[PDB]
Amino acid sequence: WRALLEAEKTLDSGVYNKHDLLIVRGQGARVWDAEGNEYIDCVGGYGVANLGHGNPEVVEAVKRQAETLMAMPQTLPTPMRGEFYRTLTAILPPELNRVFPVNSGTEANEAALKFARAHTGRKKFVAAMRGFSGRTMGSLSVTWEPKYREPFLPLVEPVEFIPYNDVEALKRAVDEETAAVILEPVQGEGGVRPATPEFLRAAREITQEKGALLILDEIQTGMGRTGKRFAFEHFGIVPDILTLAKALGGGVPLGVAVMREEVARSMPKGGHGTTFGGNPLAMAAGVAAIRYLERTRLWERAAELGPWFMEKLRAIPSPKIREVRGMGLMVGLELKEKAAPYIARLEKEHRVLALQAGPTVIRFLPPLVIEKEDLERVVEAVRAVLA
């Protein structure tokens, strides 16, 4: 197995910080390396494995569809597509009744940004500082992190960034020339920073007032992650465009921009598209994923465990800890120093896999099926490495 690791490391583009280990398989919220070591996976593929590694129903759906049909374009209707369509819209407010399936989060936002422009005839986009929307050039344009943007300038214009949760700043940025505002109900890559009810409320009201669209990015907070099916249910607001990805396919590269009918209706024929978007395999996976989510109301696990976990974290007697924040099982542990050293130690010394969300934040995105015994172990592990 040493050869594969070296092959991946050597042949990789080199843009990634790869860890010295080879993960071979997973079940639930546990994963194993090539040497047999077992790990608690709070990385869960960056919040993709919400339903847990090896979710039977999803796996089964993927097997049966792979045998039946995998390649079929949007020009040729195929059963799983129609099913995914009504299956996804049925768990959303009736207003969001139109879907443009894609293959990733960045593509979903790319779709949002484009439909927004075709519909309004406006060009400007408003986003929040420390907001992450994707790496493709359109999505990168509304992505704040300067170092992620500067080397590839110029990108799509014009875009205006406003401090996250700053209601008055939002109010002043959005005008009649604004095509849309794009925000995350809880900023992920930006440190796990939950939106305030007033901020999102303001974002909703402002946009309708100026004729701008509201694009809510639930690519990371979606699929029960925050405690409810979607975090926008926490704020009582309903967007014009909702973008989803990650856990949407239960692992299969899947994403979608769901929007109001008048919005989708303004898009000219052949005005946008995608080869893979809406393929039968991804459609069969999403159907399965959504049905498991709803059948088990998996968001409840996150609502119950999220608080308990964060409470334990806030109990760790360590002066290096600034704050414990998040919603559901989307948690961030902000330290008063670099988080990287501790993450490396959680892995090597405690077989615990965690992510970052900015240099001083240890982020936890465990499969929602994770058990309380593993949560206590994570806490213990953290207390340990910080001592």
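One rule holds for the numbers: they count along the sequence shown, beginning at 1.
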| message | On mean Cα temperature factor in this entry, is 174-182 or 98-106 the higher one? | response | 174-182
| field | Stretch with the higher entry mean CA B-factor, where the candidates are 277-285 and 262-270 | value | 262-270
| Among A61, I40, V324, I362, which residue carries the highest C-alpha B-factor recorded in the PDB entry? | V324
| task | Compare the CA B factors listed in the entry for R314, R225, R81, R135 and report the winner. | result | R314
| said: By the recorded C-alpha temperature factor, relative to the other modelled residues in its chain, which third is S139 in? | reply: lowest
| query | Should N165 be placed in the lowest, middle or highest third of its chain by the C-alpha B factor in the entry? | reply | middle
| field | For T68, the third of its chain into which the C-alpha B factor falls | value | lowest
| query | Taking the C-alpha B-factors as the PDB entry records them, is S318 in the lowest, middle or highest third of its chain? | reply | highest
| Taking the C-alpha B-factors as the PDB entry records them, is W308 in the lowest, middle or highest third of its chain? | highest
